[PDB]
Amino acid sequence: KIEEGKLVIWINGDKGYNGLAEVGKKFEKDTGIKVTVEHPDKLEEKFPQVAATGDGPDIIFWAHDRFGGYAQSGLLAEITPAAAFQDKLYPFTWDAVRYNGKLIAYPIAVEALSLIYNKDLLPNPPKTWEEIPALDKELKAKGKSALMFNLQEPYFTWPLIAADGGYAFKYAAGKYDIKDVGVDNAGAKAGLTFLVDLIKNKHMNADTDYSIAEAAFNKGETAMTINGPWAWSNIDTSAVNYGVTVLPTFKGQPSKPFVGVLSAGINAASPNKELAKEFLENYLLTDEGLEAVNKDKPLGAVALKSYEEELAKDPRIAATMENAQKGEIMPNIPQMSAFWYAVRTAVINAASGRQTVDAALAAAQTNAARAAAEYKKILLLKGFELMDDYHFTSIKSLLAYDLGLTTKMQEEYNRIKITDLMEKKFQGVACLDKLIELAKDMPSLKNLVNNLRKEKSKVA
Ligand SMILES: OC[C@H]1O[C@H](O[C@H]2[C@H](O)[C@@H](O)[C@@H](O)O[C@@H]2CO)[C@H](O)[C@@H](O)[C@@H]1O
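Using this note's numbering, read the sequence shown as starting at 896 and increasing by one per residue.
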């Protein structure tokens, strides 16, 4: 249960959660309603799990691309801002938080990656990706390096993958086509090949994550990084005179970041929906409320018109918007999760040498476009729901290592949860092949396996 009479808020650890709590303490002062701001790890994954059982926070913050999956699962309340309030934010930020005709979150700020560069190490930052290897050789001779950014999250490597023509889902006739994915076309391959060549030539290292990259740039050890507005604050505290500018071009085309709109959603199980609306609309989405958060960690280009007029004067914000206008606003469709997981696997495997570029993106393509619900439906109705409780717990014990099933998970997870985890580890037809292989030599399920063999040909 969620505690009535107060507000719990989840926001990512890289945003200004202390400034957000200052706005919460003003809310407590004015109303008597305690606001608790928390930043748990993997919150975009933790929320769907806890919210699917009526738990979790009253308000969740994340970029808009996750919210369509949350809304489709019924985890959010439809927000209804009055006409007068909607006029206070830019029309396109409302578009980012609209799903199935319903507004499903409050838009807060627009984020786009930019190139951040140390002006003392590099007064003329490169215009092209192609010239960076030469810059790195010259900089390594001084004991520095040219560029370090997070290679563990595909968000940061996407601008280069999209540059020569890679894309997520085709936008066709007013809607996203979930079957037309562009992650293994010629442009996506060319971009990822360049990234792997940057690593193979020891200009970057496959192990670099967010913490390593940020520490490297803020200690003056690398000349450039790739990050968004939240990261400016820590560079201000460090002794690095930095600039924020346009991402380098690749093969003469601009880098195309996926643009995210930081948004706040209201848990459908929250008993404090009216309080949540009051806090977001009249304490956060004000010049005073946004200023408290922005001073902690820069939000980017805020959705609130009156306050963005002041922030648009900042050159770092003009750079953020210039990069954004070369990319696109992320889709919010529920398939975006499967897209991000698939691209993450491709970038990591290619960057490490596990798979060739062509192998990694081919797998990411088919995984992103796969008919996940179709196979889950077969796995559940024609597989798990046709075996008894004794055989179900036996199968879960066989799957323990593969699905990361603790002892408690093996006792409590039901067939729907196991079906979801299984198809995510064994994508598409492979999850039917894994159950057939697992239930092969169980004489009681010979009939079950018999149909799964036919229903996997029937679906094909
Ligand atoms: O890399 C996958 C990841 O990309 C985006 O996440 C961004 C987020 O929008 C930024 O605000 C910041 O926190 O960096 C994140 C990447 O680490 C998507 O929003 C997210 O759904 C996706 O998993």
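Note that beta-carbon positions come from the ideal geometry of N, C-alpha and C, so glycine has one too.
{"Item": "Helix, strand or coil, according to DSSP, for residue 1395 in the structure here?", "Value": "Limits of the chain in this structure are 896 at one end and 1355 at the other, which puts residue 1395 out of reach."}
{"Item": "For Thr1240 and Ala1246, I'd like the C-alpha separation in whole angstroms.", "Value": "10 Å"}
{"Item": "Among the residues of its own chain, which have a CB less than 7 Å from the CB of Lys929, if the five just before and after it don't count?", "Value": "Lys901 and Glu923"}
{"Item": "Taking the DSSP output, what are the residues bridged to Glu933?", "Value": "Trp905"}
{"Item": "For residue 1358 versus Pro1020, is the C-beta spacing smaller than 9 Å?", "Value": "Because the chain is modelled from 896 through 1355, residue 1358 falls outside the range shown and cannot be assessed."}
{"Item": "From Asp1131 to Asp1104, what distance separates their C-alpha atoms?", "Value": "21 Å"}
{"Item": "On the three-state DSSP scale, how would you describe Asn1227?", "Value": "coil"}
{"Item": "Under a Cβ-count criterion, where at least 16 other Cβ atoms within 10 Å of its own Cβ denotes burial, should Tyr1012 be classed as buried or exposed?", "Value": "buried"}
{"Item": "Assign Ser1040 to buried or exposed, taking buried as 16 or more other Cβ atoms, counted over all protein chains shown, within 10 Å of its Cβ.", "Value": "buried"}
{"Item": "Give a yes or no on whether the minimum CB-CB distance between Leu1017 and chain C is below 9 Å.", "Value": "As a matter of chain content, chain C is missing from the structure shown, which is built from one protein chain."}
{"Item": "Ends of the beta strand (DSSP E) at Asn1013?", "Value": "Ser1009 to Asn1013"}
{"Item": "Whole angstroms are fine: how far does the CA of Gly1123 sit from the CA of residue 1359?", "Value": "Coverage of the chain is limited to positions 896 through 1355, which leaves residue 1359 absent and any answer about it impossible."}
{"Item": "Does the count of Cβ pairs from the stretch 935 to 955 and the stretch 1214 to 1225 closer than 8 Å reach three?", "Value": "no"}
{"Item": "For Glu1173, I'd like the list of residues in its chain whose CB is within less than 7 Å of its CB, leaving aside the five on either flank, ordered along the chain.", "Value": "none"}
{"Item": "If you draw a straight line from the C-alpha of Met1282 to the C-alpha of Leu1340, how long is it?", "Value": "7 Å"}
{"Item": "CB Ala1198 to CB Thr1215, shorter than 9 Å?", "Value": "no"}
{"Item": "Flag this pair as yes or no: are the beta carbons of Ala958 and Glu1006 separated by less than 9 Å?", "Value": "yes"}
{"Item": "What are the uninterrupted segments assigned as beta strand (DSSP E) that are 3 or more residues long and contained completely in the stretch 1149 to 1237, given in chain order?", "Value": "1153 to 1161"}
{"Item": "Per DSSP, what are the beta-bridge partners of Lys1291 in this structure?", "Value": "BP columns for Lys1291 are empty, so no partner."}
{"Item": "Can you tell me which of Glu940, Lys1146 and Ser1009 puts its alpha carbon nearest to the alpha carbon of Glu1025?", "Value": "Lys1146"}
{"Item": "Is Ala1029 closer than 9 Å to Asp1059 when the C-beta atoms are compared?", "Value": "no"}
{"Item": "Report yes or no: do three or more beta-carbon pairs, one from the stretch 1064 to 1077 and one from the stretch 1263 to 1283, lie closer than 8 Å?", "Value": "yes"}
{"Item": "Below 8 Å, can you find three or more Cβ-Cβ pairs linking the stretch 957 to 971 to the stretch 986 to 1002?", "Value": "yes"}
{"Item": "Evaluate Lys1351 with the Cβ neighbour count: other Cβ atoms within 10 Å of its Cβ, from every protein chain shown; 16 or more gives buried, anything less gives exposed.", "Value": "buried"}
{"Item": "Under 8 Å: does the beta carbon of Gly1123 sit that close to some heavy atom of ligand 1?", "Value": "yes"}
{"Item": "Ligand 1 heavy atoms versus the CB of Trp957: any closer than 8 Å?", "Value": "yes"}
{"Item": "Closest by CA to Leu1185, which one among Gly951, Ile1003 and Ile897?", "Value": "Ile1003"}
{"Item": "With a threshold of 8 Å, are at least 3 pairs of Cβ atoms found where one atom belongs to the stretch 1157 to 1165 and the other to the stretch 966 to 979?", "Value": "yes"}
{"Item": "Check this for me: beta carbons of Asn1218 and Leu1055, under 9 Å apart or not?", "Value": "no"}
{"Item": "Just how far apart, CA to CA, sit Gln1305 and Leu1330?", "Value": "16 Å"}
{"Item": "If you reduce the DSSP assignment to three classes, tell me which class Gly1323 lands in.", "Value": "coil"}
{"Item": "For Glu1006, name the three-state secondary structure that DSSP assigns.", "Value": "strand"}
{"Item": "Output the boundary residues of the beta strand (DSSP E) element that contains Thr1052.", "Value": "From DSSP, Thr1052 is part of no beta strand (DSSP E) but of the alpha helix (DSSP H) over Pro1049 to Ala1058."}
{"Item": "What three-state label does DSSP hand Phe1044 in the structure shown?", "Value": "coil"}
{"Item": "Which of the three DSSP states, helix, strand or coil, is assigned to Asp1283?", "Value": "coil"}
{"Item": "In whole angstroms, give me the CA-to-CA distance for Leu1347 and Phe1064.", "Value": "31 Å"}
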